[PDB]
Each structure stands twice: as structure tokens, then as C-alpha cells.
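Engineer: everything below, folded, please.
(chains A, B, C, D, E, F, G, H, I, J, K and L)
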Amino acid sequence: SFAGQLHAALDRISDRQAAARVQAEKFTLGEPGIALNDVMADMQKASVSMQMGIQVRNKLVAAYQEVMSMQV
Amino acid sequence: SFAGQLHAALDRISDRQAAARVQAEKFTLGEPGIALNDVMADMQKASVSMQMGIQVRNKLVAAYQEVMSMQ
Amino acid sequence: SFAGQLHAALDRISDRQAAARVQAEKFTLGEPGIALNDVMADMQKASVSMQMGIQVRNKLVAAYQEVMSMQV
Amino acid sequence: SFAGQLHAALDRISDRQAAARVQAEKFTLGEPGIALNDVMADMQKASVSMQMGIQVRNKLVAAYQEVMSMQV
Amino acid sequence: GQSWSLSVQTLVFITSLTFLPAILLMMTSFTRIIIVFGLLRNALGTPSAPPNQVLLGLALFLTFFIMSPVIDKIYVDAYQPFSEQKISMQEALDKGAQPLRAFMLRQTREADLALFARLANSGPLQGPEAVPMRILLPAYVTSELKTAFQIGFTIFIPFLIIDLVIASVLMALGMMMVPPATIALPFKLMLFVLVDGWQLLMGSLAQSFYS
Amino acid sequence: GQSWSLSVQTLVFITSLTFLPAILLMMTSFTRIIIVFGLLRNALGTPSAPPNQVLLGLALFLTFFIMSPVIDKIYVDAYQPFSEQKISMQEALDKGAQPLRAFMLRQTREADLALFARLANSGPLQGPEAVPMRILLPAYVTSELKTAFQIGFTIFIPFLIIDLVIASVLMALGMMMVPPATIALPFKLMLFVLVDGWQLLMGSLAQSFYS
Amino acid sequence: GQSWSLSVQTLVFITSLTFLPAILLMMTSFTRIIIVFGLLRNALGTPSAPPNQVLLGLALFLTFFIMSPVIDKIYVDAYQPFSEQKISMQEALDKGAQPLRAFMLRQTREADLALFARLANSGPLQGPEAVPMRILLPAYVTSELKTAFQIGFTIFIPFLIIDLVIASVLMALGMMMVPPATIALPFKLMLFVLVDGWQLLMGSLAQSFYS
Amino acid sequence: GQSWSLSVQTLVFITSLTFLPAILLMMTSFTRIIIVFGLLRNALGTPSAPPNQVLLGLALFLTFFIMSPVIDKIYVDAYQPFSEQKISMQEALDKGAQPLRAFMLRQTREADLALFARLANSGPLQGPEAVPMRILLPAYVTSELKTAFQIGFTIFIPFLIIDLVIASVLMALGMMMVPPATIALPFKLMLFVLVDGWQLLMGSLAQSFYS
Amino acid sequence: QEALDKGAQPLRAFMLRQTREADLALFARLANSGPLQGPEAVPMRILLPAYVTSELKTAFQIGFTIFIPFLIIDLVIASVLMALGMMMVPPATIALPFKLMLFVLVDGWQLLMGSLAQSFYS
Amino acid sequence: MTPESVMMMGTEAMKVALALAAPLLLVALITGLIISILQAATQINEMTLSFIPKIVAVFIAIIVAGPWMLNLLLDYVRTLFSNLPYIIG
Amino acid sequence: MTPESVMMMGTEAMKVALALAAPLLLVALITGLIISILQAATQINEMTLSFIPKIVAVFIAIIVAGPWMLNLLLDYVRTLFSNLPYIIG
Amino acid sequence: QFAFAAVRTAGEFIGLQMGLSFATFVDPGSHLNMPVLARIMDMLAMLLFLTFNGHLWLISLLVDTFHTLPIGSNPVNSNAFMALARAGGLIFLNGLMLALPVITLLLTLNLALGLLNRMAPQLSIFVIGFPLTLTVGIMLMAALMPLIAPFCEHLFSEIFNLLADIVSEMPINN
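Structural biologist: Numbers count the residues shown, from 1 in each chain, chains lettered A, B, ... in the order given. And now the structure:
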């Protein structure tokens, strides 16, 4: 269903962002194992995911407004 | 109520902006204790809070006008 | 008086904008005692005053149209 | 013949991007005969083609919305 | 007490203007006037002969004239301490809106505020001044509707008398199929212009609304 | 008395253009004419037969022509001096409305100004010309309504008499059923167009308005 | 534990800010109220006698008051644990929506619920509470639409009775051929203002909401 | 087969996100539903009595419930191989469109598609399962807007009968200038709500769409 | 520089049939162009407005004939309503169901679009 | 659908019109007839003296009729609404 | 389009109205004339007293007329839609 | 639109003589009689405009107005708005000239029916009068169509003659 798909997509976006943030925090805490070539890449991919989400939101709300404002 | 919640939110936003402004004033006066790496962060926090406030206001006013123009 | 208050506000904003333009004219031919930051700040303040004026005018005319375009 | 032409254009764009990607992949693994300047130029050409495609898409969708948002 | 920053001050100032056409005019100022004018136009037997634009302009002028005391009071008590920035606008708003509530209290029905308070399930509020603003407005609007309907019926009655008399005499004359609507209308208009109903009607409405 | 910047001058000019349908046309020029046209259609006995699209368009032609001396006077004493830039932009507005104010007094009733002056609490003072605009406009509307009905019921009576007399002969001739409206309607228009009351109507408006 | 990051949380909040006033208010509490208001406007024998803005404002105030207990419930159950970040949005939304779901379930028609469930092809429910909001919403809308007209006919009745009796008494004496609608309007308005239809009707509909 | 790169896959998906919510909903799924809802609102005798937003929301929910099976089929057959990267976008489009095309063809007429094929000059098809998307859509749209009109007429008939009988009985009893619509409207509303017009009508529409 | 002309020539040739000789002549008189006995390469300044006005004229002509049957239905229902003594009943609530019934019964959409296409073709 | 169905739809719909109005119209018509024959034997009347008897006769006729007037309305529309998935085909 | 083409379209539009309404118009007057004769010969009447039979009389005429009245509008519009590519030219 | 309006009024006046004038009472809702016999002539008039030229003759006037009025500081002349306002005028003039046969013939039937009151005072014009007028009034419409074909052309040229002089004599009126 639409609600289930939206929840799954938002949850996976949030999980990706949380994983990127925790990896960055582990790196800046000094714990060895992070080479700075993964934290930046994961942050960029998370930003791409957020951009896709906001574009989808804009398109969806525009379509909903267009279909709801019709003079019936 | 809704009026009380809006008043509280506006007061909170104004308080954050005032705190950021007074911290910037203390920094520019030469008062020790500021490292320039927190004044910028506080100013950005105030700016994003104000942006969220104005976005919410735009949404609410658009909804109000579109629900008042009904029949 | 609404008309008096409107005239007062309009003449005040016009006078401030004219003073800013006079300051810019004074600086543009190399007169002494004029600061570039000062002239830029005056220009920006005049612009923001104009923006506020046009915004309030648009809002007021929209409200007047809404109130005068109803059914009695 | 409109959808066929559009699919042909998309096919050409995707094929150029895939050619650039496979050439870069072949270079980065150490296969001889691939030039760094050549792969950079090919990637730049692919990016230019993609930018042209997205510009065309934006223009077309804007025209569609403008022509189908009017009231008859 | 502290004061709001300039950004939020101008934000709320601009935002209030969107509510201005409704909150200040429709439920506060001239709803009675516009309803009375509409009912009078209906009673005259020819709606849209007085154009809606002219009617609304006349209503705006009448309400602007009748709001002279409250407008002056709010103007002084808000602008004068706010013009030179001696008090915060957040408290100036309430201090200037209080006399507006005082004016509303006189015109509203005293027997409907209690009903609205019971509906809102608010606690027993001693005193006639501590009534919250969230309750006063709907009761005031309902009272305005009631008094507007009363005035409309009172204005209707003489025209009904005229129509009944004209119809009865024309049917007793010896003709019954004559449409009395097209016949009584010129007589009603002539009577109205003889009595100069506009000036006295506006004066009476202003007196009733002001007291 | 200084001038304004270019940006502010165009800001108020376009805003003043917005008020044009309301502030200048429906309450200054032809508010009487539209009522006459609407009532005349009712008096003709053919409701909604003349389309209101052309009647409104017809009215604006007449009021512009009858207002020609006023606008031409404005053109001579405001447009030409403004093209010379020897008169302030605000000065032209003040000096253009003043002759119009005397014009409004001509087409205003004798005992209607005193109502709003007492209502506005401005006081009698002295000088018929020294009158604020706040009083002139609502009084002009009220006076225009009074004269519109006065010139209105003048035309209703001749048509009503014809309807009454044609019904009288029906009872004498044995036509006692009896449909009055259908038979009388053709005779009403034939006399209306044979004497061509429009030319009398248009001429009456010109002289009565100027007085 | 799992939750949503600040960016996605504020994205969801802003997105829900679009639906919340339009539909979550339009199709939940006061659609039948505005339907009743429109039906009363039609019954009064006059188009838009009470202005649309005033009607909408009164309906909004009335529904705010009506939903006060549910507002307090959802506040104390969601906002307080959420305003102090003691709960995440994921389940906070469900906890807040639960009381409104219960209210919709209480104000629903069993036949409509069963029909919608059969249409959706889902009949495993063991109790009325375990229904999903997806199947609950349309049934609630249909039941509210039904009760709106059920109240509206009762609103219609008295004016119909007045019109019938006035027409009968008017035409019994030989005045068959004259419209009694213009004469019934003053009597209907007088009856409504004398019985105080507005204040009584507001309490009646509030009690109907309280069942 | 060759596969499109991700950079163009996201482009085509976002572009499809513009058309798919607008046109694939307007001219594919519930055009008949909104048309018959508007016709029913007109037939009820009180146009714009139900909120348009409420009607649109209910229509959308009924549309989702109607198309749930085909939605589920296309959902699995497209997403699941796509989710597991089993199929490419190019083949996924056709695989998803096949059941939608079948469902669309199930409801359309024959003469419409024949006329469209003759206009398009396409070669004769010995097998029905070969209509391209170019020729399929207009036939379905015209069939939908053809059946909607007759369904609306069938809905209209009973209210027309009720209005005719009430007008006839009123004029037989002797009320000529009594508007039947203002009197029959409560009766039409009562008949509708008593026979449960909304729930029964939507159930019948769903059954008609199923068969 | 020649591809534009080569692509525009067939479109102008198609549009010339839909244009009208009277409109072309009037626009030629307005724009002081060479009439000639044989038409040849009508300029863009003249061809487009003639096509626009001819399309508007034929659109109105088709619309009138589409409107006529509904007007006939309205006339007959109003006449029968008036003849029986129901002069004050609004025929709009009565005419509209009959209009829609006729429109769906005569299969109006398909023959209408077919006629429009045939008119465009010839 | 063929035009015959519309005539059939009209015929069934219009047949309801006669049956429902029949008790009300008959009692009103006979009431005038009852007075008219009773208006012999010094036939002097004022103008009509017949409208008011039409009221009470029809008024009680509606009361005695009552639900069956509405009961038919409930059933006739219900079949048409139920036949909507069948009038299509 | 010659002016004849303009006026020829208004002919059958009125003629179909002349053709369709005449059976219903004639029934209304024929029933009225009978009652009008009954309105003589001990002329006791209220105003017309003919309204109830007239409504029923034309009501049955709907059944009698029925299809071929409906069929009239069906073919005339088809003829009009047949010349749509031909009225312009 | 004066040519339209005169045609519009003529059709309405025909309807008002039979059954369409029952709005003579207080202002009703929908007119109940407007599309019955108005839209028949409210839209037939524009067709006769298309018989000669839809916009071509109007456009040709616009070009010539530029020659007469070259766009300048010359003030707009007076005593011209009244003349064009005085034109209708012809709205009721030409309206009755087209209405000469229908008005007389319908009234003669109205007079003829009334004469039967002396033979039967219970004619019941609410029963017999309306059906009798409708059939004759509708019949007159079909047989009087050719009379309208050249009549509408009268108003088109007369307004054109009025418009041609106004746009041409105004520049020399300065």
C-alpha cells in the first residue's frame, strides 16, 4: 500500500543517514578503521537520497494540489 | 490552545535570535571567551529556526485562505 | 487618519531612498568623507524598506479586493 | 513517430554514458591502450550530453504543463 | 518584559494583514450593516438595482464613521507608546485590543456569553471583564446576526403593509389578474423617495449601533 | 513640498489605478444612470430582456460625455503643467480634486451634508468649499440615491397608467378572465418607440444632472 | 532503538502541514456543520443572507470548541512526550491518531463500515476497534454526510410549514394570483429571531455531536 | 539486453512522476465517478451542498478500492523483479502496462476502437490483444464518458418524477406561484437519505466497474 | 538556412487549403502584396491570420449546429410545460436530463469526432 | 442502450406518477363534484365556496395514505439503484 | 455559407417542435374544450375546475405518444451531424 | 452588439406574448423562460455576420482608424459619445419592425378568444388560451424565417454606416 511504501522509503533513508552519521562520529572519535574515503562517500550518498526524497515530495504535493483544486 | 502554542514558539524563536545577537555583540566588543566557531553555528541555528517558522507560517496562511475561499 | 498615516509613511520611505541615492551620487565622484560600507548599508536599508512597502501594499490591496468582491 | 524518437534519444545518451563508464573501468584496472586524456574527454562529452538531455526534458515538461493547465 | 526581534515583529505584522479583511471587518465592524442593506434591497423588490460595489462602499464608509471612538482609542494607546519604542508590541497589542473587547461587550448579548462559556466548558469566571477573547467573538457574531434579522423584519413590515393594502384595493376595484408586484413597486419607490429613507435609515442604524 | 523618488511614484500610481473601478466610477459618475437603466427595464415590463452586458456598456458612454468638461479641465490644468514639471506630483492631485469637490456639491442634496458632519464630529465651522473629503463621498452616494428614485418614479407612472386603463376596458367589454399583461405589452412598447422616449430620456439626464 | 533523523522528521512535519488544515479538518469534524449552515441559508429564502466568511468562521470556532476534549487527550498523550524528546515520531503519530480513530469509530454507521470492508476484501476483524483508518475514514465521511441531511430536513420543516400556511390563508380569500414568497420572508425571519434559532441550533448540534 | 544507466533511470522516473498522478488518474480510473458525483449533486436540487474537497477525497478512496486488484498485480509484477534487479526498466514498463492494458480493454466499447483504428490507418488486427497504447486510451476515455452520462440520467430520473408529481399536485390543489423546488427539495433529500442513496450508489458503481 | 524552408513548405501547403480566399485577399489588401491570378507562396504575415480567422469561423459554425438540438429540446419541453399550466416550473432541471439522454443515445461522441476529422480532411 | 429502454424507463417512472397522485387528485375532483351537485336547489353561491373542502379532503387523504405513498418511492428507486450494474449492459 | 443555409437550419428546428408538440398541444385543448362545455349547462365552477383531468389527459398521451416522439429527435440530429463537414463547405 | 441586442429583444418579445412573460411578478430565480425563444436568435445573428465576414470588416475599420487617428496629443472630441449612445434607439425600432407580423397576429387571436366571453364567460384562458397561442406562435416562426434573412443585413450596414462616419468625421472635427 501507499502508506507502507512511504514508511519503508522514509525508514531506509533515515537508516542510511544514521549509518553515515555514526560512521563519521566513529571516525572523528579517533577509533581506527575509517580512512576518510568512506565517510565522505556515505555522506554524499545520503545527501543524494535526501535530494531524491525532497524532489519526490515536491512532485507529489504539486500533483495532489492540482488534482484537488479541480473545479467540480 | 493554538494561540498559546504559536505565542510560545514565537517567543522561543525570538529568544534564540536574541541570544545569538548578544553573543555576537560580546565577541565583537573584544570580550574574552568566544572562539568564532560557536557564534557562526548559533547564527546558522537562528537562521534555520527562522526559516522553519516562516515556512510554517506560509503553509498555515495558504491553508487558511484556501479554506476561507471555499463555498 | 489612515490617509495621513499612509502619506507620512510614503514620504518617509521616499525621503530615505532619496537620501541614500544622494549619498551614492556623492561617493561616485570621489568626494571625501564617504565610506563604501556606509553607502552599501544605506543602499541595502533603502532596498529593504522598499520591499516592505511593496509587500504591505500588495497584502492590503489583496485584502481590499477580497472584502469588496463578495456577495451581499 | 514521437515515443520511438524519444526512446532512441535516451538510448543514445545511456549508451554514451555506459561507454564512458566501461572505458574508465578498463583504465583503472591497468589495461594498456587507454589514455587518461581520452577517458576524461569522453566523460566530459557524456556529461554535456546528459545536461542537454535534462534541459530538453525541462523545456518539454514546462511546455506540457503550460499548455494543459489552461482552461477551455 | 523583553521585546520580540525585528524579524518576528515584521513577520507577525505582515501575517496579521491576511486576517485583517475577516477578523477586523466581517466579524467585528459591519456585518450588521451589510445584512441590513441586503435585506433592504430584497424588500425593495429589485435586487442588484443598487450595485453590490456601491453598497459595500457605503457600508465601509458607515462602519469607518461609526468606529471613530474605538479607532481613536486603539490608535493612541498603541501607536503613541509604540512609535518611539517605549513598550513592546506584544503587550501593546493586548493593551489596545482590550477597549475593543469593552466595546464588544456592550453590543453583544449578555445571555449568550454564558451559553458559549458552558459550551467551551470553561470554569466559573467571576466578573464581566475577565471573559477570554476566544469566547466573546462567536457570541458577538451570533448577537449581530440576531439583531440584524430583527432590524430586517422591522424594515420589512411597512413594505408588507403597503403591498397588502395595494393588492386588496386593486382586487376590490374589479380586477384580480393585475400583477401587484409591478404596480406596488413604483408606489413603494415614490413613498421611499418622499420619506427620504436613506438618510434617516442610516442615522437610525448608526444610533442603534452606537448608543 | 518636495517631490518623490521614481520608485515610490510608480508604486502609488499603479495602486491608484486599482481603485479606478470603485473610487472614481461607481460613486462619482454614473451610479444614478445604472439605477435608471435597471428601473427602466423593470418599468418596461420585460425583465432581463435587454442584456445587462450592453446596458452597463451603454451607461459608461453617457457618463464619460457628461463628465467631459470636468476631465478636460483636469487635462488643461494638471496634465499640461505636469508635462512642464512646474507642479508637484502631490500638488496636482490636490489641485485636481478641488474643482471636482465643487462639482460634487452641485449634484448633492441641501440637507445631507449636515448628517455626516455631525456624525464625524468635525463641527460646522465655516466655508462650504472647506469640507473634508470624508464627508463629501458618502453624502454624494446618499444624495445620488435620492435623486435616482425621484427621477425614477417620474417614468414609472406613465407606464402604470397605460396598464391600468387597458385593464379597465376589459371589464366593460366583458373581458373578465382576464390576462392583462400579455395584451398590454405590445401596446407599451409601440408607444415607447413611436415617441422615441430614449432621446427624451438621454436629454433629460443631461440637463437634470448638470442642473 | 529506531527513529527518524531530524531532517526527515521536519520534512514529514512540513508535508503533513499541507494536508492537516485542508482535509484533516474538512472531512473530519465540520463538513456537516457547514452543510447544515448552507441548508439553513437556502431555507431562509435568500441567497447568502449570512456571509460565507462569517459562516465559515463560526463553523471553525464551533468545531474547535467541540474537539476540545480530544485535543487535550492528543496533546497530553503525544506532544508532552514529544516536546521533551521522550518519544519518537514513528509511534508518536500513531499514539496521537488513536483517540481520533476512536472518535471516528464511535461516530460511524455499521452498515457503511461493513460495505466498505467487503469492498476492500478484508473481513478478518475480531472487534470493531481493530479496523484500519483506511477503511474507517470513508465510512465516517458517509455517516457524517447522512446525518447532515438528516438534520437539514428538520431545519427545513418549519419554514415549509410557514410558507404553506401563509399561501393557503392568502389565496383562500381570492388572492391566488400573487406570490406569497415576498410576504412569507418577514414572517419567517420574525419567527427565527423570536425563537433565537442560531443559539438554540448551536446547542442542539453540539448535543448531537455529544450524541 | 542493454540497461539504462542510473542517471537516466532516475530522470525518466521523476518525469513519469509528473504525468502518472495527473493524467493516469484523471482519464483512466475515476472520471466516470466524478462525473456521476457531479450529476448527483446537481440532481439533489442543492448544487455545491457537499464540499468539493470531501467529494474528491471520497472519490479517490473509492478509486483506490476499485483498482486495488490490478494495482496489486502491476505492483508485484513490476517492483519485485525490479526490486531484486531481475528485469530492466525498459521491459518492466511493458510488463507492468500489460495487465493495465488488459483491464482498460475489458471496459471499453468496440465501435470507438474501430473508428479510431480507421482514422489512424493502422492495419487490421486479427487478434484483439494487439492494440497499442496510442489507440487504446481514447476509446476507453470516450466509453467512460459515454456510460457516465447514461448512469447520471438514470440517477436523475426519480428526482425529476418527484418534482413533477409535487408540482402537479400543488397546482391541482391551487398553488400557482409557489416554487415547487423550495418545497420538493426537503422531500428529495428525505427520499435520498432514507433509501441510503450514497452508500447504495457507491456500492452499485463499484459493482458496475467490477462487471 | 534551407532546412527551415523545406520543413515549413509542407505545413504552409496544408494550411493553405484550410485558409479562405476572402481572408487572404483582405490581408493582401491590408499588407499591399501582389495579388496575382495564380496563388504562389503566400507570405507568413498574411497566411497565418487568415488561417486563424477561418478556423474561428468554422469552429463557431460547427458549434452553432451542435447547440441547435439542445435548443430544440429546451423549446419543446418548455412549450409542453407551459401548455399544461406549469409556466413557473424551471425547465432547466427537466431539460438537462433529456439533453444528456439524447446525447448518450445518439452516440454523439463517436460520430461527432468522426465528422470533425472528416471535415478537417476534406 | 436502445431508445426503447428509455421509453421503458420513462414508462415505469411515469406510471408511478399516476398511482401516487391518484388518491389525492381523485378526492379533490370528487369533492368539487360533490359540492357542485349539492349546489342545486337554490344554487346561489358567493363565487366558489369549494376550495376549502378540497383542503380537508386532500389533507386527510394524505394522512390515511401515509407510508404507502413513501413506501413505493423507497422501492422504485432501490431497484433502479440496484440495477445500475445492469443498465450499463 | 449563403443566407439560405442560415435560415434553412431554423426551419426544421421549429418544424420538429411543431411536429413533436402538436399531439400534446392538441390533447390539452381538446380535453379543456370538453370541460369548458361542461363549464356551461349549470355552469357551477370554481375557477376552471379542469386542471386535474387535463394533467391526467396529457399524462396518458405520453404513453400513447411514447417512442415515436422520442425517435423524432434521434434521426434529425443524425442528419445535422451528417452534414457537419458539409455545412461549412 | 446593438445588432445582436435588437435581434435578441425581438425573439424575447415574441416569447413574452405567449407564455414567457410570467416573470412579471417579483424577481424569480432562474428566468424560467430565457433559453426558450431567445438563444434561437441570440446565436443565429452571429452566423449572418460570418456570411459576409467575421472579423475582416471590423479589422478593415481598425486600419482606417489609424489613418484617421495617428495617435497623438490631440484631445478626444466631445458630442460623439451621446450620438452613439443615442443609436439605440434602433434596439426597439428594428425590434418591432421585425415583430410587426407576430405581434399583430398573436394579438388578433387574443382579441378573438376574448370575444367568446359574451357567449361563455367561463372560457378559462388558463386552460385553453395558452395551448392555442403556442401552436400558432411556433408555426409563425418557421414560416417567417425568410423575412429575417435580409432584415438582419439592415442593422449590420446601418451600424457600419454609423461607425464609418464616426471614425472618419472625428479627426476633421478637431
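Engineer: wait, does the longest helix along chain A make contact with chain G?
Structural biologist: Ordering each helix of chain A by length in residues (DSSP state H) puts helix A:39-68 first. Yes: Helix A:39-68 lies within reach of chain G by Cβ under 8 Å from any Cβ of the partner chain, at A:50, A:53, A:54, A:57, A:61, A:64, A:65, A:68. C-beta here means a position set from N, CA and C on the backbone, and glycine is covered the same way.
Engineer: just stretch L:120-127 next, same as before
Structural biologist: No: counting by Cβ under 8 Å from any Cβ, chain G has no neighbours in stretch L:120-127; the shortest distance is 9.5 Å.
Engineer: list the contacts of that stretch.
Structural biologist: By Cβ atoms under 8 Å, 6 or more residues apart in numbering or on different chains, the surrounding residues in contact with stretch L:120-127 are F:174, F:176-179, I:85, K:32, K:35-36, K:39-40, K:43, K:45, K:47-48, K:50-51, K:54, L:113-114, L:116-117, L:129.
Engineer: name the nearest residue to the closest residue to chain E within chain J, ignoring sequence neighbours.
Structural biologist: Closest to chain E within chain J is residue J:47: 10.4 Å, counting by Cβ to the nearest Cβ. Leaving aside its sequence neighbours, residue J:47 sits nearest to residue G:174 (Cβ to Cβ, 6 or more residues apart in numbering or on different chains; 7.2 Å).
Engineer: tell me the secondary structure at that neighbour.
Structural biologist: Following DSSP: H, G, I helix; E, B strand; the rest coil, residue G:174 is assigned to coil.
Engineer: could you check how far it is from residue D:36?
Structural biologist: Per Cβ to Cβ, to the nearest Å, residue G:174 is found 109 Å from residue D:36.
Engineer: so between those two, which is more surrounded?
Structural biologist: For residue G:174 versus residue D:36, neighbours defined as other Cβ atoms under 10 Å in any protein chain shown are more numerous around residue G:174 (14 against 9).
Engineer: list the contacts of that one.
Structural biologist: Applying Cβ under 8 Å, 6+ apart, the residues near residue G:174 are E:171, E:176, J:47.
Engineer: wait, what's in contact with the residue most central in space within chain J?
Structural biologist: For chain J, residue J:21 is the residue whose C-alpha lies nearest the centre (Cα atoms, centre = their mean; 0.1 Å). By Cβ under 8 Å, 6+ apart, the contact set of residue J:21 is H:165, H:168, H:169, H:172.
Engineer: in helices, which of those appear?
Structural biologist: Of the positions in the contacts of residue J:21, H:165, H:168, H:169, H:172 sit in helices, assigned by DSSP H.
Engineer: ramachandran angles for residue 29?
Structural biologist: Because you didn't say which chain, this covers chain A. phi -80, psi -10 (degrees, to the nearest 10).
Engineer: my question was about chain L, not that one.
Structural biologist: Residue L:29 adopts backbone torsions of phi -80, psi -130, taken as degrees, to the nearest 10.
Engineer: repeat that for the one 3 residues further on.
Structural biologist: Here the main-chain torsion angles of residue L:32 (degrees, to the nearest 10) amount to phi 70, psi -10.
Engineer: if I look at the nearest residue to it once chain neighbours are set aside, how far off is residue A:4?
Structural biologist: Distances taken as Cβ to Cβ, 6+ apart put residue I:90 closest to residue L:32, at 5.4 Å, once the chain neighbours are dropped. From residue I:90 across to residue A:4, the span is 50 Å (Cβ to Cβ).
Engineer: before we move on, the earlier item: whichever of the residues of helix A:39-68 next to chain G end up buried, select them in ChimeraX.
Structural biologist: What follows is the ChimeraX syntax selecting those of the residues of helix A:39-68 next to chain G that are buried according to 16 or more other Cβ atoms under 10 Å in any protein chain shown:
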select /A:50,53,64,68
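Engineer: reformat the residues of helix A:39-68 next to chain G as CSV; add distance to residue L:123.
Structural biologist: Below are the residues of helix A:39-68 next to chain G laid out as CSV (distance: Cβ to Cβ, whole Å):
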residue, distance to residue L:123
A:50, 87
A:53, 82
A:54, 81
A:57, 76
A:61, 70
A:64, 66
A:65, 64
A:68, 60
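Engineer: could you point out which of the residues of helix A:39-68 next to chain G is nearest to chain I?
Structural biologist: Nearest to chain I among those: residue A:68, at 26.6 Å, using Cβ to the nearest Cβ.
Engineer: and the residue of chain L nearest chain B?
Structural biologist: residue L:29 (17.8 Å).
Engineer: from residue H:180, how far out is that residue?
Structural biologist: Residue L:29 is 12 Å from residue H:180, by Cβ to Cβ.
Engineer: one more: residue E:62?
Structural biologist: Distance from residue E:62 to residue H:180, by Cβ to Cβ: 40 Å.
Engineer: ditto for residue J:41
Structural biologist: To residue H:180, residue J:41 is 40 Å away according to Cβ to Cβ.
Engineer: the more surrounded of these two?
Structural biologist: Between residue J:41 and residue H:180, residue H:180 has the larger neighbour count (other Cβ under 10 Å), namely 24 against 7.
Engineer: that one is in contact with residue H:169, isn't it?
Structural biologist: No: using Cβ atoms under 8 Å, residue H:180 is not in contact with residue H:169, being 9.4 Å away.
Engineer: quick one on the thing from earlier: nearest to residue D:23, of the contacts of residue G:174?
Structural biologist: Nearest to residue D:23 among the contacts of residue G:174: residue E:176, at 102.2 Å, using Cβ to Cβ.
Engineer: now do that closest one against residue F:98, distance only.
Structural biologist: 59 Å.
Engineer: residue E:76 now?
Structural biologist: Distance from residue E:76 to residue F:98, by Cβ to Cβ: 31 Å.
Engineer: now residue E:64
Structural biologist: Distance from residue E:64 to residue F:98, by Cβ to Cβ: 23 Å.
Engineer: have a look at the two and say which one is more surrounded.
Structural biologist: Under the criterion of other Cβ under 10 Å, the comparison of residue E:64 against residue F:98 puts residue E:64 first, with 16 against 11.
Engineer: element containing that one, please.
Structural biologist: helix E:52-66 (DSSP states H and E).
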